[PDB]
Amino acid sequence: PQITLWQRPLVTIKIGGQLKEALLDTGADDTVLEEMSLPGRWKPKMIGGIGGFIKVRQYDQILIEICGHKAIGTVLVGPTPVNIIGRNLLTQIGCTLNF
């Protein structure tokens, strides 16, 4: 698809059975989901942004589906205000920025 930025670029993801809304975000290096339960072991991590840093759990090799496209990679889970798809999975579905 081609997406305009007059509104926020929100999409439906499928994440282990659940459907969610998420933000396609080129300014995020990583994908960060709101607090949820994932299968697997994890590592703590700190990520920072506007307003400072938060602690997240790092999960590896999670399959996500972003508009039909499935992608695999690292997912961070934590007290983010919104679900965010970052550059790590955007690349996997062939996302580019165009003008």
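Residue numbers here begin at 1 and follow the sequence given.
Taking the PDB entry as given, 64-72 carries the higher mean Cα B factor of the two stretches 64-72 and 22-30. 34-42 and 47-55 differ in mean CA B-factor, and the higher of the two is recorded for 34-42. Note on 92, 96, 2, 7: the highest value goes to 2, judged by CA B factor as recorded. Looking only at 82, 85, 77, 15, the residue with the top Cα B factor in the deposited structure is 15.
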